[PDB]
Amino acid sequence: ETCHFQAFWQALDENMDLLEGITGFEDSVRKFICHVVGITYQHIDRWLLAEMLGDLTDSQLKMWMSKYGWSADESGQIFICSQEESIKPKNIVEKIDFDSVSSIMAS
Amino acid sequence: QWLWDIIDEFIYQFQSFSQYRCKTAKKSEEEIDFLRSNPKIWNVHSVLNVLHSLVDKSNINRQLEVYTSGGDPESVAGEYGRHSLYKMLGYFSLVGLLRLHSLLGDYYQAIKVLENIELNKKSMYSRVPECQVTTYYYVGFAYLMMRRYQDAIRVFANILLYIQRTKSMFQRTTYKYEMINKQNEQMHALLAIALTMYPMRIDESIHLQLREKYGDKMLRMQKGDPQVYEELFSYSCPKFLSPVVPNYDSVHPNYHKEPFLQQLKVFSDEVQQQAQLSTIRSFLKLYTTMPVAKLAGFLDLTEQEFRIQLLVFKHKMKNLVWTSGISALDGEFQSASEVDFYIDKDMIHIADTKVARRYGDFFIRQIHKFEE
Amino acid sequence: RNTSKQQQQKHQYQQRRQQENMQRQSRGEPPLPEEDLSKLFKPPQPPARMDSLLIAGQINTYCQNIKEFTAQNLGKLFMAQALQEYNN
Amino acid sequence: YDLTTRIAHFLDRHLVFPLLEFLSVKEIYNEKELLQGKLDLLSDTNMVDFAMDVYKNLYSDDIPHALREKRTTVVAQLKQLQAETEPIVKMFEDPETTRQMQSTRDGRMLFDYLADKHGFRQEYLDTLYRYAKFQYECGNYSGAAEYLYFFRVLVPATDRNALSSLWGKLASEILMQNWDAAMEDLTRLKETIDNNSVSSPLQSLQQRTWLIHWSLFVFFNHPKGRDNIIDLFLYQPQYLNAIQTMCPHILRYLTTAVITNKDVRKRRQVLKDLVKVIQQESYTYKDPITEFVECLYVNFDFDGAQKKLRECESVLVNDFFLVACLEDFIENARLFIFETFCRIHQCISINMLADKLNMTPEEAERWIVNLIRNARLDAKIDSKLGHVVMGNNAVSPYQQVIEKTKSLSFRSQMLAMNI
Amino acid sequence: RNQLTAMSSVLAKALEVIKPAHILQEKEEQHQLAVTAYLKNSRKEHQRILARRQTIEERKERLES
Amino acid sequence: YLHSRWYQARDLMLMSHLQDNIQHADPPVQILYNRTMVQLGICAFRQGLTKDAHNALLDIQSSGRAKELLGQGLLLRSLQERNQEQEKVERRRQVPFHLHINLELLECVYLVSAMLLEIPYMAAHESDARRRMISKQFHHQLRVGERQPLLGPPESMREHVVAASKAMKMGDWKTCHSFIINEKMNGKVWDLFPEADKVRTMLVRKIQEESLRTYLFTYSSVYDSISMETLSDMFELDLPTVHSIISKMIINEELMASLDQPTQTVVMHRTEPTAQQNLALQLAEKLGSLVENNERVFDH
């Protein structure tokens, strides 16, 4: 909840039976981490993505990276979202007030 | 003696009224159209349903504090009274909304929130102003419990401002009007602490000498306090659950205490986590774009000694507050800074000044109609 | 506003001090008058109801509100026409 | 002011035990040396501060004064003079006098323990009165005076003897460094000045000066003493008129003790009611280092001011006076002038601050970030020109007027619609 | 300035149409026919209105006085 | 005040507190109070402090009876001045000609001091900072010469003040200096004190400061931005004085103007014609709510 994924991976009881028996827990936790990355990073480092998702080797890292369609980028990053895409401010680009305001002010 | 005994007298009346209500009101149009045609007053019916909910809630809290495990009140209220009144037809008028408003207010106090998707979808009747205010009061608390600060503040602002075009009159507010207004204010202040810098939209609902007082507290809380959080927590938890009434302090009972201890923990852990995020949200986005030295000055601001700065900076950024691009090659961190705007409220104010003059024109003309 | 304040300072402010004083004096003398009680209360020039100024005032403020309304109506349609011509 | 007309006939005819003479022909920082001389006379000889006076610049002439009192500690003054090699041949008073004092303490000490043990009310007062002469005659014997003043203090002629005893215990234990006793009599003195005594002109003035002497030097919580002294007798920067006022120095400490313990909102009143009142107008043209701080602040200069304040730091860091909070004063002087400057500013280059104060531009940037971090400055920082830019030009005042005018009147009409 | 955009938009379009436009001339010839149709009926009513109005004028003199 | 230094006169007056004494100390001591009060205002003017000079003559210049104090009273000149039999005692107490003060000079000192304060004050207020008007101050004394449609060249002392007010309203500072300085050499009124050039220099600087002040108040109605070199050269002033004038104006009327002292540039953008009408209407509406709530406090 406080987004300390690296601390979560380092503090998890590996041999607990109950953790194994939750069908699809492992993909679901990584999907949450990838969702936080996909909203909030335009580009991410390759080591940084592996660090966040719990020590994924570059074979496993593809099974996560290509699961969200994410591209390779130069020296030596991963492309997640464009800078133009992750802005789009709803505020200020407004003042359509006049047709509504003139109608209620008409008489 | 006396106080508990009055609760039983009310329970005996409410159970008897429920037995009558469960019995008649699926056939009795003979009883009902005799009630529709004969009188020349109507407002009493709205008052009795609201008054019963307030008295029942006052009665339930006292029983629940004294008997803290395994006793009747929640099930007997839930299964028989609240579910039967929820599941039968609404009397034609806003009476079905009034029964739903108690059910929602009981559901809110038992913290069993989810069913608002069902409740809203069955509430397709016209929101005549009082039933708008009641609906907004519960919806603002539901958004607050959902942790939707942006949505909760708009709903709370409407009922705190109180310009909802209510016309009551006939004691319907009632007996807690001041307390209900402060209950909205208290949550609105908590929401303002989370959201500010961005509003710009507190001036409508909270008058300046309270914008001043919560502003001192908000700036101090995100710089050092402890005591503002302690003050904010102690006033707020008192108003968050809406328990209506306490009992009476003494050495001998535990009971109420077990009550209070459960309430304090549940609000504490969530508000503590949210308060830490509010402090992270404190530092201004002074420029969009940071090369390594500016990032290092942000790390120095963030934490020191030494070990582990950048690691916790990843977590602090990814709580919600920073959406950004990184270049490994150029060494530059690239972010946006969020923006907001003003001269919004005035467009609403021009409509309601027109209503305010018109309501006064109506009042003088209504008085004048008695001296014709 | 000055006319209303002048009548208020005669209606309320004089009478308030006269009752303040009359309550201090206490206000009934049994063997003979009542000399200063007889002196107390005589009308100032407005004791109430300067309607000849007030009603004529209100008719003029109503005329002023009509001028505000016609000026606002001119502004509503000028703003609409100015916005309508530019954006195509 | 009433008490000022009391001063007006008298004209600096103060009663001080050293009379007028203080350590002559002094070199460095003459206003500080002049201040030390008026303070030495008004504190009835300091003593301790003589060593401080010599430490800043080498003077021989404490020896001067230091030879002429014995009740600091006879052995200490005798060792001070024989270290110098002053060939006095006049040290014969003390073995006779001290031997009478030894017989006097022990022949009081036997009664001391009997009077405590018996507890008899006449006997305790008689033993106290028999004591009171001795502790007035020699307080060196300091703890013996403190034991006596712990209990009763008062003797038949109450006011003069109690008030002189409080000043003497406060003065002795400030010199001996017993702070708790000094803190006790700082407190006991400000309680005692209410009633008062006859209050013949000079007495009230000497009481004001004694309050300044204990409050001035800073040991523990002196900002509370700053609060107690200013609103006591109603807000003055020097507390005397009649042109010769020069204490000089208290306003410097007082301003810092507002700035580091309170909001500066608040320095607007200090500027009118302490700085521009005629007692400070008299003091300012007797202290150019104080004058530069106030005159640069009230005229809002950007680059004559900051250099002159940095020039003043160089003199102030070589002030050997007791004050405790020295760099606290200097650092918040740098912040307060910057905060005053930034109130109406458009821009500041980070470099142009740095060259001016002799600091590195990154240190200057992080210092400006600390103003922003504390909310002592609204800003944006340009990342690529290295300039901090301010913008508080507040477009649209109308709404916050509209808030108040229609909230009161509309709800007042709603209150009317019920009878 | 105030009203100028509306006035210039109406006046330029009106000048362009009024100065030489055949559709406006055709509208006017149709309008002139309608005016003549009204006027040709109106002369019949003027004759009748003379008798009504002379009767009214004489007895308005006496009734109002 | 006259032969020593103006701190000592202020110190001694603020020590002494003789208000209670002058009531109970007879007409000759009251005449001495008036003699010293005139001299305190003249010495305040000789140090250039316009407020202190204006306040020190306030008791005198709110009184129409100053002519009587010097024995120059007539037995009809309002309606009260009687009887002659008492006046025979009064004219045998007040006063030798060599002990006179000139009242006509005193009026000029008070009016020039008030004019320098109140012309920026009216210019700031009626360009829409209107919030502190004082009913019966310099405006009233100006009013009797302001409303004269026939008043062109002056011969009289009051006509000079009206001419100086006409110059100060236009704002040409060299023109304002010329009217005040030349006509007081021509009238034998500069000659009187060997501090004449010191006082002229002080008045010259006050006219330079308050002409710059009125220039900024009027032209902030159109100014987006202002360079500070032009202000220094055009008002014939040093940059410390110009920075000092502008910063105090922004800081103590609390103006939303961004001053750059390093780049010598002021940015503001306060415009407008409509905004001024909006502020005037909002003041008029505020005086509606204030009266609306005054009527309630009369009622209850």
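Thresholds, definitions, all that
- Residues numbered from 1 in each chain as written, not as in the entry; some residues may be left out.
- Chains lettered and ligands numbered in written order.
- Part of a larger assembly, values for the part shown.
- Heavy atoms only, no water.
- Residues with missing side-chain atoms left out of burial classes, pairs and counts.
- Contact = heavy atoms within 4.5 Å.
- Buried area = accessible area lost by both parts, 1.4 Å probe.
- Salt bridge = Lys/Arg side-chain N within 4 Å of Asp/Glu carboxyl O.
- Nonpolar A, V, L, I, M, F, W, Y, C, P; charged D, E, K, R; others polar.
- Polar contact = N/O pair within 3.5 Å; in protein donor to acceptor, adjacent residues only side chain to side chain.
- Helix = DSSP H or I, 4+ residues; strand = E, 2+ residues; numbered from the N terminus.
- Patch = residues over 30% accessible without salt bridge, like charges linked within 9 Å, V, L, I, M, F, W, Y side chains within 5 Å.
- Areas by Shrake-Rupley, 256 points an atom, 1.4 Å probe, with all protein chains shown as cover.
- Buried < 20%, exposed > 50% of the residue type's maximum accessible area, 1.4 Å probe, protein only.
- Axes fitted to C-alpha atoms, helices over the stretch in contact; angles between N-to-C directions.
- Parallel < 35°, antiparallel > 145°, perpendicular 65-115°, else oblique.
- Left-handed = near helix turned anticlockwise from the far one by under 90°.
- Pairing = 2+ DSSP bridges.
- Arc of directions from axis to C-beta.

### Remarks on the interface of chain F and chain D
Between chain F and chain D, the residue contacts involve 34 residues of the former and 34 residues of the latter. Taking both partners together, chain F and chain D bury about 3200 Å²; carbon and sulfur atoms supply 52% of that area. The tally of links from chain F across to chain D stands at four salt bridges. One salt bridge connects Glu254 of chain F with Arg343 of chain D, and the closest N-O pair in it is separated by 2.7 Å. For the side of chain F that touches chain D, the class distribution of residues is twelve nonpolar, 14 polar and eight charged.

### Things to note about the interface of chain B and chain D
Each side of the interface is counted separately: chain B has 24 residues, and chain D has 22 residues. Of the roughly 2200 Å² buried where chain B meets chain D, counting both sides, 58% is carbon and sulfur surface. Of all residues in chain B, the largest losses of buried area upon contact with chain D belong to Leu286, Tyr287 and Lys294 of chain B, amounting jointly to 26% of the total for that side. In this assembly, chain B and chain D are joined by three salt bridges. One salt bridge in this structure joins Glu365 of chain D and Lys294 of chain B, with 2.6 Å as the shortest N-O distance. At the junction of chain B and chain D, the tally comes to twelve residue pairs in polar contact. It is helix α13 (residues 292–302) of chain B that contributes the most residues to the side of chain B that touches chain D, five residues altogether. A per-class count over the side of chain B that touches chain D returns 15 nonpolar, three polar and six charged.

### A word on a nonpolar patch on the surface
Residue and element names in this part refer to chain B. A grouping of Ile41, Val44, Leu48, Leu51, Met169 and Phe170 is seen on the molecular surface, where their side chains present a nonpolar patch of about 570 Å² in accessible area. Along the chain, the position of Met169 falls in the loop between α8 (149–161) and α9 (177–195). A relative accessible area of 55% places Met169 in the exposed class.

### Section: the packing of helix α8 (residues 103–125) of chain F against helix α10 (residues 157–170) of chain F
A pair of packed helices is captured by two measures, namely the crossing angle of their axes and the spacing between those axes. Residue and element names in this part refer to chain F. Their axes nearest at 11 Å, the elements α8 and α10 cross at an angle of 15°. Viewed along their axes, α8 and α10 adopt a mutual orientation that is roughly parallel. Both α8 and α10 take part in a crossing whose hand is right-handed. Together, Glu107, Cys108, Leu111, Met115, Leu116 and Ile119 of α8 and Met157, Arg158, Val161, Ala164, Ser165 and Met168 of α10 make up the contact between the two elements.

### Brief notes about the sheet that holds strand β1 (residues 289–291) of chain B
Residue and element names in this part refer to chain B. The sheet built from three strands is open, its strands ordered β1-β3-β2 with antiparallel pairing. Looking at strand neighbours, the two that pair on one side only are β1 and β2 (324–326), the edges of this open sheet. For this sheet, the mean angle separating the axes of adjacent strands, direction not counted, is 15°. Sheet topology note: the β2/strand β3 (residues 332–335) ladder contains three bridges and is antiparallel. When the sheet's bridge partners are listed, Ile326 is paired in β3 with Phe333.

### Notes on the pattern of salt bridges
The final tally for this structure, using the stated rule, is 115 salt bridges over all chains. Residue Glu28 of chain E pairs with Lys27 of chain E through a salt bridge whose shortest N-O separation is 2.6 Å. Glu146 of chain F serves as the salt-bridge partner of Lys169 of chain F, at 2.6 Å between the closest nitrogen and oxygen. With a gap of 23 residues between them, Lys169 of chain F in helix α10 and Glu146 of chain F in helix α9 (residues 138–146) connect regions that are remote in the sequence. Judged by relative accessible area, which is 36%, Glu146 of chain F ranks as partly exposed. In this structure, a network of salt bridges that share partners links the residues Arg201, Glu204, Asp340, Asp344 and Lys345 of chain B.

### Focus on helix α3 (residues 49–56) of chain D
Residue and element names in this part refer to chain D. Of all the residues in α3, the buried ones are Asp49, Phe50, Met52, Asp53 and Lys56. Angular distribution of buried residues about the axis of α3 spans 160°; they occupy a single face of the element. Packed against the buried residues of α3 are α2 (30–42) and α4 (63–66).

### A word on the pairing of β3 of chain B
All names here are of chain B. Pairing of β1 with β3, which is carried by three bridges, proceeds in the antiparallel orientation. The residue of β3 that forms the bridge with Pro291 is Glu332. Between β2 and β3, which pair antiparallel one after the other, the connecting turn spans five residues, and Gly331 there sits at a positive phi close to 80°.

Any link to function would need more than the numbers given here.
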